[PDB]
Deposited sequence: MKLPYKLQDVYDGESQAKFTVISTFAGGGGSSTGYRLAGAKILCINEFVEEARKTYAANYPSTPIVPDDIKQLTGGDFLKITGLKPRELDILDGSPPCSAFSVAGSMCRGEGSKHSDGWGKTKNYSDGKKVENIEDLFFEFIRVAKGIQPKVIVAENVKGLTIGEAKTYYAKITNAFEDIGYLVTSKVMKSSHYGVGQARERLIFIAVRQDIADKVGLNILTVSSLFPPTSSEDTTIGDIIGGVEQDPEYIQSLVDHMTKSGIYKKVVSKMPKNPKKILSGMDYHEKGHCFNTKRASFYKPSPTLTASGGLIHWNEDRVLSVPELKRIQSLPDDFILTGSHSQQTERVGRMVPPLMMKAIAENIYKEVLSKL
């Protein structure tokens, strides 16, 4: 897909209804958006933050929303909600967030997937890990998917290889029910073919940012709030404009984006500096960098909107993932 696009293209793709998806940890719906673009019928979502639901519902008013804490839910609950039998769901989606006990919602996700028995699981993992925990933890995740009867593969994907002007790198698991994997012929040596081919060679901000609608008064107010603030006086005022590379505020975290590089990763805290203007990036720019449609509705305060975009999987990368799963697995059934 090419940027920009609008919600109506998402609805058009969704109207194909070529495979079924449940999106857990649905957020504002970055993942859902990409599934819908690839032809998915979103059967329902799970999302327990009120403002994420308000944003999701504003863009996708038809999609049923389960508001519960995932810890209170079973796969059978989802099956009952959507009218499905086990094994019937095509894709279960999730991006769980994040001595004393610390909850791990990724393992809550696995527990729910055990009840649903989806044909395919797509799960991004963003657990912050100590040294000496990371590799052992991903091995525990892999074993856990195999325990519930799945062939599983994993890879760090960089969204700028799939048309998104952002260097967002996150580990994504794809797992296929052993049943389905056998029918389609997937094995340990072909399983990595579930990850989509790379379409670009590091899409930059410049490649995708052209033509964003944006009121100069709103943009000016961003510059004004910036210029009269501490991080400007101490850091940003010392950062060159139009950099040829991402700049770190510690060489002068606060980072300055470059027009000629993929964007710095958008995060929930959202502190990225525009490449040209002494101000943070705007919500319209963040939407475009995230590869959302231009008319995507975000609710709440400026800070809540930046957070909601920051926590997303870029729709266009998830579109690539969903297309590839449909061609390589679901279209053979």
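Asks: Mind pulling out the bits of the deposited sequence that never got modelled, as residue ranges from 1?
Replies: No coordinates exist for the deposited residues in 99-130, 285-291, so these stretches are absent from the model.
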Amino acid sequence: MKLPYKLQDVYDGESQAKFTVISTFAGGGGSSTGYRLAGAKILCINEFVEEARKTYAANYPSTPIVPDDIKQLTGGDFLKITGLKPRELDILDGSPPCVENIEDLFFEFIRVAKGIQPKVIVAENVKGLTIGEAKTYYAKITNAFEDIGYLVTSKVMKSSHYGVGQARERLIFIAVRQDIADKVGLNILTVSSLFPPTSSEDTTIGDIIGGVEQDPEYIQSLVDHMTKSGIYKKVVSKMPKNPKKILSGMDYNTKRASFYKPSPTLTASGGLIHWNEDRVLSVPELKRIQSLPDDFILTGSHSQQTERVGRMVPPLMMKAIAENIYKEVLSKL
From here on, numbers count along this sequence of modelled residues.
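Asks: Pick between 198-206 and 228-236: the one whose mean CA B-factor in the entry is higher.
Replies: Per the deposited B-factors, the answer is 228-236.
Asks: Out of 86-94 and 211-219, which stretch has the higher average CA B-factor listed in the record?
Replies: The entry gives the higher C-alpha B-factor average to 211-219.
Asks: Highest Cα B-factor in the deposition, which of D77, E108, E124, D251?
Replies: Result of the comparison over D77, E108, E124, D251: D251.
Asks: Based on what the PDB entry reports, which of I116, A175, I180, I188 has the top C-alpha B-factor?
Replies: Out of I116, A175, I180, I188, the record gives the largest C-alpha B-factor to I188.
Asks: Sorting the chain's CA B-factors, does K241 end up in the lowest, middle or highest third?
Replies: As the PDB entry reports it, the C-alpha B-factor of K241 lands in the middle third of its chain.
Asks: Within this chain, which third does the Cα B-factor at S301 fall in: lowest, middle or highest?
Replies: CA B-factor rank for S301: highest third.
Asks: Taking the chain's C-alpha temperature factors as the reference, tell me which third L272 falls into: lowest, middle or highest.
Replies: Ranked within chain, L272 CA B lands in the middle tercile.
Asks: Which third of the chain holds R256 when residues are ordered by C-alpha B factor: lowest, middle or highest?
Replies: As the PDB entry reports it, the C-alpha B-factor of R256 lands in the highest third of its chain.
Asks: Once the chain's modelled residues are ordered by C-alpha B factor and cut into thirds, is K327 in the lowest, middle or highest one?
Replies: It belongs to the middle third of the chain when residues are ordered by C-alpha B-factor.
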